[PDB]
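Single-structure report; data block below.
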Amino acid sequence: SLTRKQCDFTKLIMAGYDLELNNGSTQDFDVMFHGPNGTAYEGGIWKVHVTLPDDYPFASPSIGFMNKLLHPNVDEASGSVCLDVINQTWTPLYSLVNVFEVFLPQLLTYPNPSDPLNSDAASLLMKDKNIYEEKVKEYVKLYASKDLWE
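3 is the number of the first residue of the sequence shown in the deposited numbering; add one for each residue after it.
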């Protein structure tokens, strides 16, 4: 009887993810995400707000960083990840676990300063990748430390 809307979040639990449903909805949850190793995001922890739309899996999930994440393709104020860049990777056959295991670490390692949601980050990255990554590292210390969510 079981949809992907209903059950996909269980694959994250099976993968070892710490997650919490919002108001007992299987289509609305917050998941703990660790910054990829060997990137400027290393040692960061974020809470990530996932919602699954009613035409999921044909429509892609929305993803929103709940503590500050600095990235050209992430809206700085809301933490919302650009829908277009999600859709370049999402297909109806793509795995919800791979959003966290593959898509996001990739994206954070290799940003797209083309049509940025954060143009200041895009500019800084274009001008000097090292200076940019020194910023990210401090942002990570400040806004994504271990203890933040407990």
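Every residue gets a Cβ at the ideal spot worked out from N, C-alpha and C, and that includes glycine.
Classification of residue i by the beta-carbon crowding that lies within 10 angstroms, buried from 16 upward
{"i": "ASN75", "result": "buried"}
{"i": "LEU23", "result": "exposed"}
{"i": "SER62", "result": "buried"}
Residue i to residue j span [Cα, whole Å]
{"i": "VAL33", "j": "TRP48", "result": "8 Å"}
{"i": "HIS36", "j": "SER3", "result": "34 Å"}
{"i": "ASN120", "j": "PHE105", "result": "19 Å"}
{"i": "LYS70", "j": "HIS51", "result": "13 Å"}
{"i": "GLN29", "j": "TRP92", "result": "17 Å"}
For residue i, the three-state DSSP class (helix, strand or coil)
{"i": "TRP151", "result": "helix"}
{"i": "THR12", "result": "helix"}
{"i": "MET128", "result": "helix"}
{"i": "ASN24", "result": "strand"}
{"i": "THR111", "result": "helix"}
{"i": "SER82", "result": "strand"}
{"i": "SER121", "result": "helix"}
{"i": "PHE60", "result": "coil"}
{"i": "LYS143", "result": "helix"}
For residue j and residue i, believed in contact at Cβ under 8 Å, the rounded distance
{"i": "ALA146", "j": "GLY46", "result": "4 Å"}
{"i": "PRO59", "j": "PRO94", "result": "5 Å"}
Requested in this report: Would you check if the stretch 37-47 and the stretch 82-94 touch, i.e. whether three or more CB-CB distances between them fall below 8 Å?
Outcome: Taking 8 Å as the limit for Cβ pairs, the verdict is that the stretch 37-47 does not touch the stretch 82-94.
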